[PDB]
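> Please see the structure below; I have some questions.
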Amino acid sequence: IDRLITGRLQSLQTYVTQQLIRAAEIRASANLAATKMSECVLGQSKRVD
Amino acid sequence: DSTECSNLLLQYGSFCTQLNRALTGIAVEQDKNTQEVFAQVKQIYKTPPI
């Protein structure tokens with residue numbers, strides 16, 4: 001049983017670590033979308049492209 | 001390239017597949033980074049002779 005506990009516990013730490021890295025990528029995109037909405041919708045940006 | 005080891009490594013299931021898939025995503029992204037920086041121009045503009 002201690003092999004199954006070890007494998008499933010290592011599998012679950014693998015999933016949570018992958019989701020932590022994937023969440024940081026999505027947060028970096030949500031900060032860009034909040035910036036785009038503030039400058040482009042609520043204003044008129046002169047920042048090229 | 002041992003046979004006997006590979007038949008044990010199979011019993012750990014999807015670990016090896018998702019490592020190859022992770023490094024593949026890292027490798028593909030390096031071309032995207034290079035495209036976004038340099039390929040901002042539609043046509044190859046060329047300087048006059050004078």
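Residue numbers start at 1 in each chain; chains themselves are named A, B, ... in the order of the structure tokens; ligands are numbered from 1 in the order shown.
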Restrict the distance test to only C-alpha atoms, flag each residue of chain A within 12 Å of chain B, and return the flagged residues as a list in words.
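Going by the stated atoms only, the list reads residues 3, 4, 6, 7, 8, 10, 11, 12, 14, 15, 18, 21, 22, 48 and 49 of chain A.
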> So that I have them on file, write out the residues from the current selection with N, CA and C atoms, as an mmCIF file, in the first residue's frame.

```cif
data_model
loop_
_atom_site.group_PDB
_atom_site.id
_atom_site.type_symbol
_atom_site.label_atom_id
_atom_site.label_comp_id
_atom_site.auth_asym_id
_atom_site.auth_seq_id
_atom_site.Cartn_x
_atom_site.Cartn_y
_atom_site.Cartn_z
ATOM 1 N N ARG A 3 3.503 1.970 -1.592
ATOM 2 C CA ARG A 3 3.812 2.330 -2.984
ATOM 3 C C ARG A 3 2.677 3.098 -3.637
ATOM 4 N N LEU A 4 1.435 2.643 -3.492
ATOM 5 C CA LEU A 4 0.283 3.354 -4.040
ATOM 6 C C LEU A 4 0.123 4.726 -3.397
ATOM 7 N N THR A 6 2.583 6.527 -2.112
ATOM 8 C CA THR A 6 3.685 7.322 -2.669
ATOM 9 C C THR A 6 3.403 7.782 -4.093
ATOM 10 N N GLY A 7 2.961 6.889 -4.973
ATOM 11 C CA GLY A 7 2.683 7.224 -6.366
ATOM 12 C C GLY A 7 1.556 8.235 -6.510
ATOM 13 N N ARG A 8 0.436 8.025 -5.816
ATOM 14 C CA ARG A 8 -0.716 8.933 -5.859
ATOM 15 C C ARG A 8 -0.393 10.287 -5.247
ATOM 16 N N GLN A 10 2.745 11.682 -5.078
ATOM 17 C CA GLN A 10 3.634 12.290 -6.074
ATOM 18 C C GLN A 10 2.863 12.774 -7.305
ATOM 19 N N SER A 11 1.849 12.026 -7.738
ATOM 20 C CA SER A 11 0.972 12.421 -8.840
ATOM 21 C C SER A 11 0.160 13.664 -8.513
ATOM 22 N N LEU A 12 -0.307 13.794 -7.277
ATOM 23 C CA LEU A 12 -1.089 14.939 -6.841
ATOM 24 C C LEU A 12 -0.231 16.196 -6.657
ATOM 25 N N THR A 14 2.430 16.731 -8.423
ATOM 26 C CA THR A 14 2.734 17.068 -9.822
ATOM 27 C C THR A 14 1.628 17.924 -10.420
ATOM 28 N N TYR A 15 0.368 17.536 -10.226
ATOM 29 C CA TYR A 15 -0.794 18.298 -10.679
ATOM 30 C C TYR A 15 -0.848 19.692 -10.064
ATOM 31 N N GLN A 18 1.930 22.004 -11.462
ATOM 32 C CA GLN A 18 1.564 22.385 -12.823
ATOM 33 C C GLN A 18 0.472 23.461 -12.830
ATOM 34 N N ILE A 21 1.956 26.996 -11.780
ATOM 35 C CA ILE A 21 2.682 27.632 -12.886
ATOM 36 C C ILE A 21 1.702 28.134 -13.950
ATOM 37 N N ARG A 22 0.693 27.335 -14.299
ATOM 38 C CA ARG A 22 -0.366 27.718 -15.238
ATOM 39 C C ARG A 22 -1.200 28.897 -14.739
ATOM 40 N N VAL A 48 1.807 52.910 -29.415
ATOM 41 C CA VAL A 48 1.775 52.272 -30.739
ATOM 42 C C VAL A 48 1.547 50.767 -30.637
ATOM 43 N N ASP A 49 0.631 50.236 -31.443
ATOM 44 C CA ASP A 49 0.200 48.833 -31.462
ATOM 45 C C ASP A 49 -0.339 48.277 -30.136
#
```
